[PDB]
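What follows is input35.cif (mmCIF, C-alpha atoms).
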data_query
#
loop_
_atom_site.group_PDB
_atom_site.id
_atom_site.type_symbol
_atom_site.label_atom_id
_atom_site.label_comp_id
_atom_site.auth_asym_id
_atom_site.auth_seq_id
_atom_site.Cartn_x
_atom_site.Cartn_y
_atom_site.Cartn_z
ATOM 1 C CA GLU A 804 50.896 -23.864 2.086
ATOM 2 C CA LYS A 805 48.053 -23.486 4.580
ATOM 3 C CA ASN A 806 48.340 -19.975 6.026
ATOM 4 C CA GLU A 807 46.716 -16.551 5.998
ATOM 5 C CA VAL A 808 47.553 -12.879 6.444
ATOM 6 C CA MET A 809 47.118 -12.185 10.160
ATOM 7 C CA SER A 810 44.234 -10.085 11.455
ATOM 8 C CA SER A 811 44.942 -6.463 12.341
ATOM 9 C CA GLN A 812 42.600 -4.336 14.418
ATOM 10 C CA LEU A 813 39.777 -5.274 12.073
ATOM 11 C CA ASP A 814 38.261 -7.385 14.875
ATOM 12 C CA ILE A 815 34.914 -5.726 15.513
ATOM 13 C CA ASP A 816 33.887 -8.485 17.953
ATOM 14 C CA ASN A 817 37.025 -8.238 20.105
ATOM 15 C CA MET A 818 36.918 -4.435 20.224
ATOM 16 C CA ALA A 819 33.155 -4.594 20.820
ATOM 17 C CA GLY A 820 33.682 -6.835 23.843
ATOM 18 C CA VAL A 821 36.332 -4.469 25.184
ATOM 19 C CA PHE A 822 33.959 -1.535 24.638
ATOM 20 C CA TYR A 823 31.210 -3.450 26.456
ATOM 21 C CA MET A 824 33.619 -3.786 29.376
ATOM 22 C CA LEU A 825 34.155 -0.021 29.135
ATOM 23 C CA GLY A 826 30.413 0.633 29.285
ATOM 24 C CA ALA A 827 30.120 -1.685 32.276
ATOM 25 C CA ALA A 828 32.798 0.466 33.894
ATOM 26 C CA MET A 829 30.685 3.541 33.101
ATOM 27 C CA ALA A 830 27.674 1.966 34.804
ATOM 28 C CA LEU A 831 29.806 1.050 37.826
ATOM 29 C CA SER A 832 30.914 4.685 37.976
ATOM 30 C CA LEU A 833 27.279 5.797 37.974
ATOM 31 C CA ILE A 834 26.366 3.389 40.761
ATOM 32 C CA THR A 835 29.370 4.236 42.949
ATOM 33 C CA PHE A 836 28.636 7.947 42.531
ATOM 34 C CA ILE A 837 25.068 7.313 43.690
ATOM 35 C CA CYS A 838 26.417 5.279 46.611
ATOM 36 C CA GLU A 839 28.871 8.036 47.548
ATOM 37 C CA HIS A 840 26.030 10.561 47.495
ATOM 38 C CA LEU A 841 24.125 8.218 49.821
ATOM 39 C CA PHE A 842 27.088 7.695 52.164
ATOM 40 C CA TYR A 843 27.870 11.418 52.443
ATOM 41 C CA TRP A 844 24.594 12.543 54.034
ATOM 42 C CA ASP B 532 89.181 -29.756 -36.252
ATOM 43 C CA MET B 533 88.359 -28.890 -32.641
ATOM 44 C CA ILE B 534 85.717 -27.086 -30.609
ATOM 45 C CA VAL B 535 86.942 -25.072 -27.623
ATOM 46 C CA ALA B 536 83.958 -23.538 -25.865
ATOM 47 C CA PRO B 537 81.670 -24.164 -22.903
ATOM 48 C CA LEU B 538 80.391 -27.472 -24.285
ATOM 49 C CA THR B 539 78.382 -29.828 -22.099
ATOM 50 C CA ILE B 540 78.876 -33.597 -21.914
ATOM 51 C CA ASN B 541 76.088 -36.085 -22.562
ATOM 52 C CA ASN B 542 75.711 -39.333 -24.454
ATOM 53 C CA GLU B 543 73.667 -37.709 -27.218
ATOM 54 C CA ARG B 544 76.768 -35.820 -28.293
ATOM 55 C CA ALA B 545 79.108 -38.593 -27.174
ATOM 56 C CA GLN B 546 77.962 -40.897 -29.965
ATOM 57 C CA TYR B 547 79.698 -38.996 -32.748
ATOM 58 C CA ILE B 548 82.367 -36.922 -30.976
ATOM 59 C CA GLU B 549 85.269 -37.721 -28.707
ATOM 60 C CA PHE B 550 85.501 -35.755 -25.475
ATOM 61 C CA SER B 551 88.478 -34.866 -23.339
ATOM 62 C CA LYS B 552 88.442 -35.085 -19.590
ATOM 63 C CA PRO B 553 86.367 -32.332 -17.989
ATOM 64 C CA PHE B 554 88.159 -29.080 -17.329
ATOM 65 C CA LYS B 555 85.495 -27.394 -15.189
ATOM 66 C CA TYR B 556 82.732 -29.137 -13.263
ATOM 67 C CA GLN B 557 79.327 -27.522 -12.912
ATOM 68 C CA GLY B 558 75.600 -28.179 -12.945
ATOM 69 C CA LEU B 559 72.275 -26.548 -13.781
ATOM 70 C CA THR B 560 70.333 -23.966 -11.805
ATOM 71 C CA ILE B 561 67.672 -21.273 -12.037
ATOM 72 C CA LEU B 562 67.933 -17.484 -12.077
ATOM 73 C CA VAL B 563 65.209 -15.057 -11.009
ATOM 74 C CA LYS B 564 65.048 -11.344 -10.273
ATOM 75 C CA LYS B 565 65.413 -10.039 -6.727
ATOM 76 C CA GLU B 566 62.876 -7.526 -5.402
ATOM 77 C CA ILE B 567 63.162 -5.184 -2.402
ATOM 78 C CA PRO B 568 59.843 -3.419 -2.174
ATOM 79 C CA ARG B 569 58.408 -2.608 1.237
ATOM 80 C CA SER B 570 54.681 -2.516 2.003
ATOM 81 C CA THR B 571 53.973 0.915 3.476
ATOM 82 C CA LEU B 572 50.430 1.985 2.549
ATOM 83 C CA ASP B 573 48.376 4.447 4.629
ATOM 84 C CA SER B 574 50.299 3.292 7.680
ATOM 85 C CA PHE B 575 47.981 5.112 10.080
ATOM 86 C CA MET B 576 44.956 3.655 8.283
ATOM 87 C CA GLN B 577 45.713 0.004 7.420
ATOM 88 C CA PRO B 578 45.217 -1.268 11.006
ATOM 89 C CA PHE B 579 42.454 1.338 11.447
#
Could you show the structure in this file as structure tokens?
Amino acid sequence: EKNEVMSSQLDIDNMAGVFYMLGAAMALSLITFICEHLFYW
Amino acid sequence: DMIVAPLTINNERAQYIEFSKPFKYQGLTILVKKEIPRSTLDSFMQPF
């Protein structure tokens, strides 16, 4: 009887990787806003 | 002079008694209680 109770959203590593992707998106937003400010003028 | 009841059949008894033919076949088995209960517990919080 080799088994275990499955893992709910207790995964701090998985959610942390997703949140790191979110922060990368934030940085991309910053850089594209800077680039839009450059392309306007 | 006779024993009419749910009496089993096995050689231990069959040494000293005479048995008729069987009048209801059967076996042995196990009984255990049945339980319903769900597992709701801080439903918003358990995966949280």
For this session: Considering only C-alpha atoms, return as a list in words whatever protein or nucleic-acid residues lie within 12 Å of residue 535 in chain B, sequence-local ones (same chain, fewer than 2 positions apart) excluded.
Result: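 Result of the neighbour search: residues 532, 533, 537, 538, 539, 550, 551 and 554 of chain B.
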Exercise. If we count all atoms listed in the file, which residues of chain A reach to within 7 Å of chain B? Please list them as a VMD selection string.
Worked result: chain A and resid 811 to 813
Could those selected residues go to a file with C-alpha atoms, as a JSON list (two decimals), in the coordinates of the input?
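Output below, filename out_13.json:
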[["chain", "number", "residue", "atom", "x", "y", "z"],
["A", 811, "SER", "CA", 44.94, -6.46, 12.34],
["A", 812, "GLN", "CA", 42.60, -4.34, 14.42],
["A", 813, "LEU", "CA", 39.78, -5.27, 12.07]]
Exercise. How far is it from CA of residue 806 in chain A to CA of residue 561 in chain B, in Å with one decimal?
Worked result: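 Computed distance, CA of residue 806 in chain A to CA of residue 561 in chain B, equals 26.5 Å.
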Around range 549-553 of chain B, fit a box with edges along x, y and z, padding it by 6 Å on each side, then list its centre and edge lengths in Å to one decimal as lines of an AutoDock Vina configuration file.
center_x = 86.9
center_y = -35.0
center_z = -23.3
size_x = 15.2
size_y = 17.4
size_z = 22.7
For this session: Quick one: pull the distance between CA of residue 807 in chain A and CA of residue 565 in chain B, Å, one decimal.
Result: 23.5 Å
For this session: Name the residues in contact with residue 549 in chain B at a cut-off of 12 Å, using all atoms listed in the file, excluding same-chain residues fewer than 3 positions from it; report them as an NGL selection string.
Result: :B and (532-534 or 540-546 or 552)
Problem set entry | Separation of CA of residue 576 in chain B from CA of residue 810 in chain A in Å |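 Pair CA of residue 810 in chain A / CA of residue 576 in chain B returns 14.1 Å.
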